[PDB]
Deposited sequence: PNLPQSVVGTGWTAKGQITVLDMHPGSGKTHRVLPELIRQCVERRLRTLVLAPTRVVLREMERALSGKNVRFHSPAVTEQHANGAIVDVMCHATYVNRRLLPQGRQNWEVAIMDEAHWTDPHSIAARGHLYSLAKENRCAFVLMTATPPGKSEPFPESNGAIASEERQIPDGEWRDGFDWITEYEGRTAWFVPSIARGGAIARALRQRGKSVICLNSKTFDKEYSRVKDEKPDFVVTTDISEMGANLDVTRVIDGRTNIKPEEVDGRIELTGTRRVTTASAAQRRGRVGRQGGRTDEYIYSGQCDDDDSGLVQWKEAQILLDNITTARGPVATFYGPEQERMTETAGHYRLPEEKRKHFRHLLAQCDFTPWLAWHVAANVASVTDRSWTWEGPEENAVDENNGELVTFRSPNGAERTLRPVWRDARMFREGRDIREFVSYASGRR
């Protein structure tokens, strides 16, 4: 066990420790159960935050016991990063002595807000904070350690259908993990592989919970994933194909656009490369193309993190900041995005019940009059009109039978990414939910 968590010094109120362990070391196998044990013996009420629901259930079948309680009494409470944020949004007011966050390097807005609130409470000597990442925020090294040898070579990677020139992709007995910047490009890569006689399973933010099990049972030749596999995913592959690209939303002229690709950060590229090299006695491959880019300040994920964090803090209490090496990404002074309590209830309803983004939920709950108003979805500018991939305008009918055209006043392209996101937003705009 690492010396930072030997003894009892890591549980002292105000202590902040970072556990850099390359994958395959025993973070969830030997370290985390030992950290839980020391806190149960001392009656220290603890909080354990898991990144994904898949990570939560894997820790559930191993740590469920007498004094452990899994969410969405006991001493240890375990929940997701978003669960801690959403429950804290309801004035729902519990405290803890020690906090442990697994995979605390996620740039998801809820993960950034959870880091900020726990870091701020630890600065007030109200709790202790432990962070567990192979790529801690601030460190920039694209080739970290691993249990097995990893051969990194740069070669051109196709972003779509290829005729010839890439025979190294098919001529390889073994299982490969291919990272793509978006779902749309992942479907095109699956077309070229399946046409050439290869088994493919696609993993994205909307298919990860249902088909993560099929990777173990079906043993596919390729796994086309969209960065959802960076956060605690055991794909059991020996080769990683990574173009180091990523499609992330930005704010441009009061609108969230999803156009173009950006270079991934060093932590993301190292996290993709960490999918292999987890067992010695063999050599895995990591195929990349291009360099990295650690300047992701232009992404809207940093603004939405402060929107959540400013509405997370307790009333008549100290404001909260981001985590240490991350406060350079703060858009405004701490506490700027604070909303009134009545406006906050509408903000919480849009996130949990309507599946809005933190960006869109903030602008709606802070500028509309009634909570049952739907006019803002068809009263916006003509420029904000929404269309499908066939060119047809999105049309829905209000309860009075009037066919409307979707022109939101606050346009967020993430809400119109696919029919799965369109029909849920159309169902809201039409008044069905």
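Unmodelled regions (deposited sequence positions with no C-alpha coordinates, counted from 1) are 1-2, 75-83, 103.
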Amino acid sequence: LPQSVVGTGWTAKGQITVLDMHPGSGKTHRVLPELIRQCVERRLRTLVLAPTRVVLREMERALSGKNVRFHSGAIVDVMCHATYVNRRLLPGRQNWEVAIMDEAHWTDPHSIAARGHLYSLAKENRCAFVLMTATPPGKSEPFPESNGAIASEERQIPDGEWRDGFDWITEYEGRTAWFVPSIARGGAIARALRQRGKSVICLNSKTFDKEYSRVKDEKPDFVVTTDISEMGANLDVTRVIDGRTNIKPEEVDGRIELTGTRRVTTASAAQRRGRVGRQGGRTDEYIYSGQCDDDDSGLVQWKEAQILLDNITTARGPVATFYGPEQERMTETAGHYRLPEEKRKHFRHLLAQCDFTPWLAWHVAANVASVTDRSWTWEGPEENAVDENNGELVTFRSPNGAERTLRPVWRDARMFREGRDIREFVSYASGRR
From here on, numbers count along this sequence of modelled residues.
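Higher mean CA temperature factor between 409-417 and 12-20: 12-20, per the PDB entry. For the pair 53-61 and 22-30, the mean Cα B-factor is higher in 22-30. Comparing C-alpha B-factors across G274, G186, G116, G165 in the deposited entry, the largest value falls on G165. Looking only at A177, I150, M101, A320, the residue with the top Cα B factor in the deposited structure is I150.
Among all modelled residues in its chain, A128 ranks in the middle third by Cα B-factor. The entry lists a Cα temperature factor for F70 that places it in the middle third of the chain's modelled residues. In the PDB entry, a CA B factor belonging to the middle third of its chain's modelled residues is recorded for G391. In the PDB entry, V48 places in the lowest third of its chain by CA B-factor.
The entry lists a Cα temperature factor for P144 that places it in the highest third of the chain's modelled residues.
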